[PDB]
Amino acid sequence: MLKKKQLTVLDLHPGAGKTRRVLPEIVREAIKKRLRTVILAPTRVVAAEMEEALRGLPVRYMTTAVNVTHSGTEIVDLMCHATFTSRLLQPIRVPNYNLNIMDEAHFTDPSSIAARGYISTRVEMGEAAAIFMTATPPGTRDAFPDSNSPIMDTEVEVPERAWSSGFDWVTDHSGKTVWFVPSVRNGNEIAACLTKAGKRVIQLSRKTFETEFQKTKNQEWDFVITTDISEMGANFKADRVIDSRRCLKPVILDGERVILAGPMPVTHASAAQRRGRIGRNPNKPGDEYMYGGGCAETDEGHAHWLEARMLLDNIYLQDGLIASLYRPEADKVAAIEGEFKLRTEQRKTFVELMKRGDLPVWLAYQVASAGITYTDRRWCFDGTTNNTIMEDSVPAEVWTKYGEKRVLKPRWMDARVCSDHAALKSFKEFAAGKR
């Protein structure tokens, strides 16, 4: 696998031991051959699991998720997918890694797509080797891959709202259930309904993931209610998955706003990863997978692929050359390489709106490309009346940095800045000049 000019897709089934058995073997071989190597973890949780699998090997952990004293003699670096892309965008030297290893390489967050595009472009150039580790590479059509033990697959109507009757099979279960919901808000309603029925419920989402995931290890629980983030190598001691088979899809309308469309069907890859949370123990056959809809290729026209092009347009490769998306995912967006390339000062604004601002890529781009500077928040208040952000059926209000109470009315509306209470709170703080 380790010869230059090669990209290898390690597509062993979920639970086959890619992370705990194959990855340490690859790393040992890489060190033997003096390959400067990066290992990309999708999350801080997986980064910590990798440290356990790699413990004893000279690996530099570029994450505060691991508390290790580095020797200074490591040629293998480990960081999150997002950290890799972030360091590429920033005015900081990223080594030209000979070997690029991406774990959970199916991750469809913009920074992961961008990292695959950059890595696969370096391999196509003949400059590097890469290994993408995933049961479900782009365009996979099999929602029902092999497992370590037989799974009971049942198509069933799954609740997406509180219920009083008609779903006894949900609560009548005495094991542990991982339940994939399309959104935080939908999970909150299911979680309240299960809590009222006497169940112990943990909720996971992107913003709460590291903190709340620890509860699945430290306390007894009956249900984990999770968004799609648990597709990215989160492991549970569970005997059932309940899968809505639904997700939200960010969509750019008319080049001018972003909506969260759906809920709508998940991809085959997502369905296989959700299912793949169970059937992992060869000694425990008959884990159950209850699924509430079909799959569709809802990654086509999804904003994350256009966002990935915005990031790649702003990463230096060589002179004016721009990295392509990884070929199997390159048709998910109608975009021209270079269309989003910013001049030096606008690019810095774009980076800071994402890194410090915590704005979605698309929104960061609109503000930066309009020639607005990072601390200038006038745009949060001067949109049309129909861009008014609503909080519990009333216009959201903040005190501006000037001490004026104003209605939150952004010039560009991205539904992700108000998708749940936590998002809207963060965006209000941003509009107020608090970061």
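Numbers for residues come from their place in the sequence shown, where the first is 1.
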| query | Between 149-157 and 329-337, which has the higher average C-alpha B-factor in the PDB entry? | reply | 329-337
| task | Report the stretch with the higher mean CA temperature factor, choosing between 270-278 and 159-167 on the basis of the entry. | result | 159-167
| Peak C-alpha temperature factor (PDB record), options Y118, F223, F209, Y291 | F209
| query | Which is it among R378, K401, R36, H70: the one with the largest CA B-factor in the entry? | reply | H70
| query | What third of its chain, lowest, middle or highest, does the C-alpha temperature factor of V22 fall into? | reply | highest
| query | Comparing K425 with the other modelled residues of its chain, is its CA B-factor in the lowest, middle or highest third? | reply | middle
| query | Hey, what third does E189 fall into on Cα B-factor, ranked over its chain? | reply | middle
| query | By the record's CA B-factor, is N218 among the lowest, middle or highest third of residues in the chain? | reply | highest
| query | Compared with the other modelled residues in the chain, in which third is the CA B-factor of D299? | reply | middle
